[PDB]
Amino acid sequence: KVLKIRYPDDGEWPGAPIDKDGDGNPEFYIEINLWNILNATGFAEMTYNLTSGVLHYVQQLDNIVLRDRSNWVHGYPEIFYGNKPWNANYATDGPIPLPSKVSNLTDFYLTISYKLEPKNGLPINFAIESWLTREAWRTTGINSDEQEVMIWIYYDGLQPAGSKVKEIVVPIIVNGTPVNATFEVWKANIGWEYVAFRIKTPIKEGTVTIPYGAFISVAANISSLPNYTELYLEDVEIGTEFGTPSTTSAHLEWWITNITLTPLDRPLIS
């Protein structure tokens, strides 16, 4: 009834599938993913109650030393659907067939219900991301002719990599009300092409629906990559990047109660 993963008890890379029907194909996959922490005191723990579908993350880290300061953030505790291309973890029990080529995929709404509670001014975002790869089922990382796309619906004290390109409007739904929101578009080259959409009005808690293709279409349009529409949208990851090279203590709690992907009858890219 309750799935729990914990750092450092379960090792430096705790993770587990959510597979409510026990059929061997996870609906989602969770990782604590403190990918840039070399050492810290304290703990991080993620629990999923299968019996309510609440995911609850609790982190209390101190004495943090990073693997590589140039990577800026400390980690990205997360839940994801599809194939995460950095490792052998996946979740494909859902209505959207990921991975799929972007030229073949339908648009979809992504709806998330959540609440964030960073403590003491910790820099954080709440960021949705996808990786776009040349192969269908990548498990060994990311090359220079591929893309990372992020959508930050909350932030405090973090800036995306690279430089600001533009602002766009995206129709979204916030707490049941359709609203026109503005996102800054940022682009970087960090070993691969990075495009981030940072909302200008951060949303710290509630229920938010976004149309995924509004973001992928812009990321395609601004891309310097050849043959963009032949890339595969590998996954949809949801989590909180946190920390900066100056941050030595990072206390954070958050909850996600629902993630739903809803197919639309229209192409992803327009």
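Sequential numbering from 1, following the sequence displayed.
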State which stretch shows the higher mean Cα B factor in the entry: 218-226 or 32-40. 218-226
So, looking at the entry's B-factor column for Cα atoms, which has the higher mean, 126-134 or 96-104? 96-104
Among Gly121, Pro160, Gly82, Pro77, the highest C-alpha B-factor in the PDB entry belongs to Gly121
Residue with highest C-alpha B-factor in the PDB entry, from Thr209, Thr240, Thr47, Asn63: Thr47
Sorting by Cα B-factor within the chain, modelled residues only, which third would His56 end up in: lowest, middle or highest? lowest
Chain third (lowest, middle, highest) by recorded CA B-factor, residue given as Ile190: highest
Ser113 - Cα temperature factor, lowest/middle/highest third of chain: lowest
Consider only the C-alpha atoms of the modelled residues in this chain, order them by B-factor as the entry records it, and name the third containing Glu234: lowest, middle or highest. lowest
Relative to the other modelled residues in the chain, which third contains the C-alpha temperature factor of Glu27: lowest, middle or highest? lowest
